[PDB]
Every structure is written in C-alpha cells, then in structure tokens.
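Notes for the one structure printed next.
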Amino acid sequence: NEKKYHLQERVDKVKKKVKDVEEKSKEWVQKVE
C-alpha cells in the first residue's frame, strides 16, 4: 500500500509554493489602502 502514496518528492516542493503565492498578496494591502 506504499505505491499509492510515495508523495515525498512532490508533496514537499508544493509546500514552498504557498509561501510564494502568499507574498504577492501582501503587496495588495499596501496599494488599496
């Protein structure tokens, strides 16, 4: 039942993609206000 998962070298990189996509939102609060 390991085959199913084996999300170690894909489900790792994606964790550092939400931080990236959460940096271009900070710049929005600064411009609208």
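We label chains A, B, ... in the order they appear in the structure tokens, count residues from 1 in each chain, and number ligands from 1 in the order shown.
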task: Any chance you could list, as a list in words, the residues in chain A that come up alpha helix (DSSP H) when DSSP is run on the backbone?
output: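 Answer for chain A, restricted to alpha helix (DSSP H): residues 26, 27, 28, 29, 30, 31 and 32 of chain A.
Reported to one decimal place, the separation of CA of residue 18 in chain A from CA of residue 31 in chain A is 21.5 Å.
Picture a line from CA of residue 10 in chain A to CA of residue 25 in chain A; it runs 24.6 Å.
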Point-to-point distance from CA of residue 23 in chain A to CA of residue 7 in chain A, Å rounded to tenths: 25.6 Å
